[PDB]
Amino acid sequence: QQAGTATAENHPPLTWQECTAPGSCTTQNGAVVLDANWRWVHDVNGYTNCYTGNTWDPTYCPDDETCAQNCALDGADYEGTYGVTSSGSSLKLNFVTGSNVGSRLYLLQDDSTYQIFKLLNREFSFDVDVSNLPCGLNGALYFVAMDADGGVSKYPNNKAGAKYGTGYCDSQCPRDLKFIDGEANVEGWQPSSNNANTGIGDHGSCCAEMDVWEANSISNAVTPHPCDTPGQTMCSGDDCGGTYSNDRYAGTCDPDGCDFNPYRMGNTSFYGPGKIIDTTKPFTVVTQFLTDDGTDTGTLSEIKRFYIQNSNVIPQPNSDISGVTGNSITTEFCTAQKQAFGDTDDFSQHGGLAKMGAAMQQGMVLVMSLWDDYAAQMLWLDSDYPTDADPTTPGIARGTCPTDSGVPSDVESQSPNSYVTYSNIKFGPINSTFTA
């Protein structure tokens, strides 16, 4: 895709901190950029639509290559069009703004380069306000093994780059992306039956995904998802797997992950409104990526979680599922959890924590987003899922929401002023971001 010119692009600033020891942090002057797939796609010459609703113009885009030559990703009016604002260390994402729904943003090192985090033997902390996230919404903060440059050095017809939010990938091998690897996705494009603004093409973009935080005011989950190739790779057709292919398990990435959602793990009193972590008020989320020998070059062995609210440091609760022990993500936990819930162990099939850690070694990009779910209504996060199962069976109940909740047309109509706010990002050695 070309770099658009109809609307100017300026990346909202966002500070964050690097910490060297507890209480000892310094400030980085970061910025964020909107993902390419939210942008208007305009023909380079006339400023008319290359893509309208969910179909492509056949003169500008007769095939994938020609489309990428003829079409540009426009700049973004962050506040006015997308409901994205920042101030200091805080980033606020609004849900509905005009015809726009949600957003996905990446943290930048500079105007052409995503900030790469090396998570092994490190800790990442952030503050969040989920108080205005109801059933069906997901304020997600997570890492994916994207290329720092957004693909530009590999794909000459990607002239837009990280400056325009190119290069996304995740463990669903998303095929909804209009441009992947310097090519459009018009060949094979199929408009979404239930979304006027989206579709699915033949190409998908796969990479490992560390879902630090997927949450609303009802439930949260922390979930690593390994892929056979850790970094970004293109797939084609239904062999992509992931949510929107015919068979979600047909591909090279684990679409389910090894998840810890305290409600799903049998403690419903831990997280939610007025609960031990009270989602009506902001709180701090700390995540540690421990290695087997405690060094930077060890193998990822354990992912731990702490929360801080009203200055109280609160560990993740223990699993209360028979067969599944502890409060952290380890190989033993993951094997046991899949067995207890009767879920296919795709995590182990795609290399588990060893392959997740290999992706961490490659370096990962920080994503902050807000979305609703046109496949499964976020029921997997906050309801009883699958909806036909007995909610008392282990693994089924994930939150309090009814199974008819989270339909996009309902939540976009009823909760347009919902938002998520992320703030006070801190990153450094284990124990450096909080009072351990």
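Note that residue numbering begins at 1 and tracks the sequence as displayed.
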Study note, to complete from the structure: Comparing mean C-alpha B factor in the record for 186-194 and 115-123, the higher one is 186-194
Review point. Per the PDB record, is the mean Cα temperature factor higher over 215-223 or over 249-257?
Key: 249-257
**Study point:** C-alpha B-factor winner, where the candidates are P408, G30, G53, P402
**Key:** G53
Practice item. Sort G237, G83, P273, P262 by C-alpha B-factor from the entry and give me just the highest. Key: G237
Point to revise | Chain third (lowest, middle, highest) by recorded CA B-factor, residue given as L370 | key: lowest
Check your understanding: Of the three thirds of its chain by CA temperature factor, lowest, middle or highest, which one includes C173?
Key -> middle
Review point. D343: which third of its chain by C-alpha temperature factor?
Key: highest
Revision key, fill the gap. Split the chain's modelled residues into thirds by Cα B-factor; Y47 lands in the highest
Study note, to complete from the structure: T279: C-alpha B-factor third of its chain, per the entry, is the lowest
